[PDB]
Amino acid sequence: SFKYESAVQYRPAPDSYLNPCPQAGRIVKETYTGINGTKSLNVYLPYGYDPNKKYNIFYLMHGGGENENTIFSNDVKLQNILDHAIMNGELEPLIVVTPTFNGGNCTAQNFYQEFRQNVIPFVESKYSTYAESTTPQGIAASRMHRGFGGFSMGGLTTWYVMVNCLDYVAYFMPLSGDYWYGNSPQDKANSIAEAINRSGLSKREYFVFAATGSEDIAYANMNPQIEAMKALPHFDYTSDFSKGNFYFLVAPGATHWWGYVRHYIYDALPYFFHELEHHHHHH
């Protein structure tokens, strides 16, 4: 049963978590048409998915050179970790979506546009999230139960959906990717602060759990950005999201590889979606 820690440490999922779990969530390959043409994504539904219940939803972006199938492929096997963690009660059941920034005019930088207009309404009109409808209003009203994250170029994607979709998304998990908007870490932090100001949101209404490896080249640009963000009044640094809203997990020895990054998700995802949640839980 999950309890917040104030400075959670890196810990890989046990080796057994990388093998198939008997209580396997169903993975559905979807195809949809949006502002970047016809594209696909995968939807992980938790074991025992019941469409007359409401589930948190976490959108997760691949890295450069990858696609919408990568994260659930033999090269990553994230679904096995998800399955084991949900079965063991470490992670509350949720829907995980793996889209792609490939195709048409789409890029890692501009993906948030298609995310808002096409991806959310397509996925969340078919599956049971906290969105009662998929109008802009219905999506905004369910933002506390929606998360976005991604690795490398997908980490960059994450920062851009953050600055552009605070109205729709409350939880962010940028993994090994920095925000490429500014000529200094202060410019970066200030852009995020301005986005938060514009949104009108309180510090209890958005959460960032960033992560990388101590030997991942992304650290070089992430770390200065994180330090600059720490100095903003908009962020209270701690992994205990009952108290604050910002943390940066750095895994000792880990390099730029999904073999490690999948474990950051195992560590970080259980921290999401408890603030203003609809269940009666003690964390």
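Start at 1 with the first residue shown and count on from there.
Colleague: Would 226 to 234 or 59 to 67 have the larger average of its C-alpha temperature factors, as given in the entry?
Modeller: Taking the mean C-alpha B-factor of 226 to 234 and of 59 to 67, the larger value falls to 226 to 234.
Colleague: Looking at the deposited entry, does 187 to 195 or 151 to 159 carry the larger mean Cα B-factor?
Modeller: Averaged over C-alpha atoms, the B-factors run higher in 187 to 195.
Colleague: Looking at 103, 99, 213, 89, which has the highest Cα B-factor in the entry?
Modeller: In the PDB entry, the greatest C-alpha B-factor among 103, 99, 213, 89 is found at 103.
Colleague: Using the temperature factors in the entry, find which of 45, 41, 35, 249 has the highest value at its Cα atom.
Modeller: Reading the PDB entry, the winner on C-alpha B-factor is 35.
Colleague: How does residue 14 rank on Cα B-factor within its chain, lowest, middle or highest third?
Modeller: Highest third - that is where residue 14 ends up once the chain's C-alpha B-factors are sorted.
Colleague: Mind checking which third residue 219 falls in for C-alpha B-factor across the chain?
Modeller: Tercile = highest for this residue's CA B-factor.
Colleague: Sort the modelled residues of this chain by their C-alpha B factor and say whether residue 206 lands in the lowest, middle or highest third.
Modeller: Within its chain, residue 206 is a lowest-third residue by C-alpha B-factor, going by the deposited values.
Colleague: For the chain shown, is the CA B-factor of residue 73 in the lowest, middle or highest third of its modelled residues?
Modeller: According to the entry, residue 73 has a C-alpha B-factor in the chain's middle third.
Colleague: Residue 172's Cα B-factor: lowest, middle or highest third of the chain?
Modeller: For residue 172, the deposited C-alpha B-factor lands in the lowest third.
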